[PDB]
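J.: The structure is given below, and queries will be raised subsequently.
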Amino acid sequence: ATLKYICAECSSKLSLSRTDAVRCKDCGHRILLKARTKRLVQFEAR
Amino acid sequence: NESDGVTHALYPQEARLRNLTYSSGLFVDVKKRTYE
Ligand SMILES: [Zn+2]
């Protein structure tokens, strides 16, 4: 059950927004990664 | 100098990514002594 964001540093699926901060959960680190779609992406191998 | 939760070691990797300014601060040793 889900993903939205990631901790640049302490490596750990976060998931949060607005009035929420922009920090973390078991690293207090202020940099955050978006995190990959599940819509599947295709490549031509050319 | 933070937004909130305050004053922290900064590595160069993070200053780059947060648009920070890899800075340290300056401290003198001051003296009051009286003369007009
Ligand atoms: Zn973290």
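Numbering starts fresh at 1 for the residues of each chain in the structure tokens, the chains themselves are lettered A, B, ... in the order given, and ligands are numbered from 1 as they appear.
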Kindly provide, as a ChimeraX atom specification, the residues of chain B having any atom no farther than 9 Å from an atom of chain A, counting only C-alpha atoms.

T.: /B:14,17-18

J.: Using only C-alpha atoms and all ligand atoms, which residues of the polymer chains come no farther than 12 Å from ligand 1? I'd like the answer as a list in words.

T.: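 Counting only C-alpha atoms and all ligand atoms, the residues within 12 Å of ligand 1 come out as residues 5, 6, 7, 8, 9, 10, 11, 12, 13, 14, 15, 22, 23, 24, 25, 26, 27, 28, 29, 30, 31, 32 and 33 of chain A.
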
J.: Just N, CA and C atoms for this one: save the residues we selected as a CSV table (one decimal), in the first residue's frame.

T.:
```csv
chain,number,residue,atom,x,y,z
A,5,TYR,N,6.8,10.1,-2.1
A,5,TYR,CA,8.1,10.9,-2.2
A,5,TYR,C,9.1,10.0,-1.6
A,6,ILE,N,10.4,10.5,-1.5
A,6,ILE,CA,11.5,9.8,-1.0
A,6,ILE,C,12.4,11.0,-0.3
A,7,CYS,N,13.2,10.5,0.7
A,7,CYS,CA,14.3,11.2,1.5
A,7,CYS,C,15.7,11.1,0.6
A,8,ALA,N,16.1,12.2,0.1
A,8,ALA,CA,17.3,12.3,-0.6
A,8,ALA,C,18.4,11.3,0.0
A,9,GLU,N,18.8,11.7,1.2
A,9,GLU,CA,19.7,11.0,2.3
A,9,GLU,C,19.3,9.5,3.0
A,10,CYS,N,18.3,9.5,4.0
A,10,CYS,CA,18.0,8.4,4.9
A,10,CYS,C,17.1,7.5,4.2
A,11,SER,N,16.9,7.6,3.0
A,11,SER,CA,16.4,6.6,2.0
A,11,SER,C,14.9,5.8,2.0
A,12,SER,N,13.9,6.6,2.4
A,12,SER,CA,12.8,6.0,3.2
A,12,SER,C,11.6,6.7,2.7
A,13,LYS,N,10.7,6.0,2.0
A,13,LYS,CA,9.3,6.6,1.7
A,13,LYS,C,8.5,7.4,2.6
A,14,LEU,N,8.4,8.6,2.3
A,14,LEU,CA,7.8,9.6,3.1
A,14,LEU,C,6.4,9.7,2.3
A,15,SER,N,5.7,10.8,2.4
A,15,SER,CA,4.4,11.0,1.8
A,15,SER,C,3.5,12.0,2.5
A,22,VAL,N,8.4,20.2,5.1
A,22,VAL,CA,9.1,19.6,3.9
A,22,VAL,C,10.3,18.8,4.4
A,23,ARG,N,10.2,18.1,5.5
A,23,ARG,CA,11.4,17.5,6.2
A,23,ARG,C,11.1,16.0,6.2
A,24,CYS,N,11.3,15.3,7.3
A,24,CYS,CA,11.4,13.8,7.3
A,24,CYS,C,10.8,13.0,8.8
A,25,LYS,N,11.3,11.6,8.8
A,25,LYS,CA,10.9,10.3,9.6
A,25,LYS,C,12.0,9.1,9.6
A,26,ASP,N,13.0,9.5,10.4
A,26,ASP,CA,14.0,8.8,11.3
A,26,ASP,C,15.5,9.3,10.9
A,27,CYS,N,15.5,10.2,9.8
A,27,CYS,CA,16.5,11.3,9.4
A,27,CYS,C,15.8,12.8,9.5
A,28,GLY,N,16.4,13.8,10.1
A,28,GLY,CA,15.6,15.0,10.0
A,28,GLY,C,16.0,15.9,8.8
A,29,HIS,N,16.1,15.2,7.6
A,29,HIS,CA,16.8,15.9,6.4
A,29,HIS,C,15.9,16.7,5.2
A,30,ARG,N,16.2,18.0,4.9
A,30,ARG,CA,15.1,18.8,4.3
A,30,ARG,C,14.9,18.7,2.7
A,31,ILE,N,15.4,17.6,2.1
A,31,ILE,CA,15.5,17.4,0.7
A,31,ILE,C,14.8,16.2,0.1
A,32,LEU,N,13.9,16.3,-0.8
A,32,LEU,CA,13.0,15.3,-1.1
A,32,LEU,C,12.8,14.9,-2.4
A,33,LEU,N,12.9,13.6,-2.6
A,33,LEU,CA,12.6,13.1,-4.0
A,33,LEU,C,11.2,12.6,-4.6
```

J.: What is the atom CA of residue B:13-atom CA of residue A:36 distance in Å, reported with one decimal?

T.: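 Here the two named atoms are 22.6 Å from each other.
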
J.: For stretch 20-36 of chain B, list every protein, DNA or RNA residue within 10 Å, evaluated using only C-alpha atoms, and leave out those in the same chain fewer than 5 positions away; present the list as a ChimeraX atom specification.

T.: /B:9-15

J.: Please measure the separation of atom CA of residue B:3 and atom CA of residue A:35, giving the value in Å to one decimal.

T.: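 Atom-to-atom, atom CA of residue B:3 and atom CA of residue A:35 are spaced 24.9 Å apart.
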
J.: Could you please determine the separation between atom CA of residue A:3 and atom CA of residue A:37 in Å, to one decimal place?

T.: 9.7 Å
